[PDB]
Structures are given as structure tokens and as C-alpha cells.
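Just one chain is shown here, as C-alpha cells, and it is the form deposited in one PDB entry.
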């Protein structure tokens, strides 16, 4: 799930993290009024979409730029009028762009110094870790390559909680000094408690920095969430903006299916995540381009097979489908009859290759062959991949 900038900044602010002052507006007049309430020297107006590159984007009103600075609240209202309700296109959106329903009106803050700070669970040390660098404003993966000596870590014990000594040490290694060091340590503590409260998999602040006026501020941040904790994070997951997701992924999520779209034309699905990944791989190994990953989960549920076909028959990039199902105790002839039923009712139009293992495979393959549909059986995963690759022109 993804949060808009205003949503993540409010979540942080509600938990004591210092962010820029701002309001959200869904009309030009509300953007005007918001700008006056800030009583700020300089105001920033920012279109709210998830995709990057807003600064260089273009609205289909003709307005250039999704981020504008001004000192005049009347200008905020005027520019907002040419954003709200229009589509914003950037290098990271489809050429149609993304509809802008809300804008952020915020106090523009100067950045005197930039650092990197993230919190996540360390998969090698079993417990949260603070990861920081005094080299802020850049890809952390780049700092690790160029200057691995500028990456600092503090391992935290999940039952002891973060200790002042850890927060202060990280603040010092990030380059904060004097009272700003103490402020940064406090903000690190609040970010740590936030991370645990919301079941984040990562809270990343970049830049975590200072204003010329002497305040430590989280200028921008990205929060990733643990999908396994949705049942206890209903309010946060209700904010999920799905409008920029691939539609087929949104449809798959409605049915508890894990679909990930890829750049290819041979679709596939499997009842198990490891073999679902490996089926994408083996299509590639034999000269094809997988169109998607799709895991039905372990076990056999005919209804999930049906829904999987409903997803794939909708994708115009799909030129062939490779299905691999392990039937366990379920008679594979029942599975096979379900496949032909789905392909008739959903009007399969592309070649389908099916690999089944379990009980009664011979009858199942006979069912598929006598269906009068473009369906072939495979004897193993390699045969399945070669047949799938050979079925596309």
C-alpha cells in the first residue's frame, strides 16, 4: 500500500515527528484559504500524486510543474485552480497522467543540512535497526557503493526499546551538533516508536535535516507497511490509494491473490509462491518473456483457478498461459474439468499449457485434450515452458 505525501506527513506529525506546516485542499478556494492560514514567508503548492517527477510534470490544463513556490496566497489559489481536477503527467506516469484531487499547501522551509535516516527490521540481527548517513539527499544505495564508511547502524532490542544512548550516538554520526544533536536524537526516538506503532517494514527519512532557523525536520519520507498487519492497521490501510496501481493487480487483491505484472506476453500461475517465481524464471530460461507472477497459495481451490483465468483473459498483452498445479489429494480430473469450465465461460482466446501433478493425471490430460479448446498438457516444468514459448509468434 502507498500513502500520499500529505497522508504520511500527517501520520508522522500525529506521532510527534517534526514536519513542515501544511494543509490539504480539494478546491482552489480552499487552497487560497489554507495559504492565508499558514502566515508563512514562503508557501509551496504541491499536487498530490504517488508517482515521482511532479516538479517537471505537466497538467492537461497546460500548466507546467506540479510544485510551485510563492509568497502570495492569491497565487496559490490561482495555480491550484489549474491543478485540481486535471491530470498530472510525469516521466513516471502513463502519458494520460494521474487525476489530481488534492493539493498540499505548506510552509516552504530552507534546508541547511541533509542526512539519511531509516528504520527497518534487520534480517540478520533479528530486531529493529537504525540506518543513517550524513550524506543525505541521495540514493542510500549509492552512498553504500561510493562511501560504505558513511553508513552507520544501531541495532535495537525490541523489548528494551530505543535507548537515549543509541539515539544520541546516531544523531552525532549523522553530523548534528549542539542542541540540534539533542533535537535529532528526540526525533529518532519518535520515528522509532512510530515505526513500531504502525507495523511499518521501513520508515525512511530523506532528507532528515536542519533549517537555517535551527530546527531538525523530516523534510520528506517514505513509509512501507507490513501487509500481514492490515488486520490491526485498518485505519492506515483505509487510506491506501490504489488509483495508480495496475488494475489487474487491484482486481487480484480483491480475491486474496498475489499478482505482479511483468513486461512479457506469456502469463502463468501456480499454487505456491516458490514455484510461481520459478515458473516465471523457467519461461525466461527457455527463451520467453513472462507476463506476470501469480501465486494462488498452497493447496487447491478451484475458485482461485477460476479467478486467475478471469484476471489473465483480461490482459491484452497475454499471448499464452502456462498453468502449473499440484493437486495434492484433489483428483486432477476435477481440476481439469474446472479448467475447461473456466476457459469456456471466460472465453479463453490464447493457447494454454497445463502441467498437473497428483492423482488421476492421465484422465485429466484426456479431459483437456477432448475439450475442443486450445489447451495442451505438459509432462514437466521444462516441457511446459518450451511448449508455452513455442505457442507465441
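Residue numbers count along the first chain shown, from 1. The term rigid core refers to the most C-alpha atoms you can superpose between the two forms while keeping them within 1.5 Å.
The same protein also exists as the form deposited in another entry; that form is not shown, yet it is the one meant from here on.
Comparing the two forms between this form and the one not shown on the rigid core, the single residue of 301, 258, 163, 169 with a CA shift of 2 Å or greater is 301.
Annotation: Cα of residue 27 displaced by less than 2 Å between this form and the one not shown, core superposition.
Once the cores line up, the CA of residue 334 ends up 2 angstroms or more apart between this form and the one not shown. Fitting the two forms on the rigid core leaves the C-alpha of residue 364 displaced by at least 2 angstroms between this form and the one not shown.
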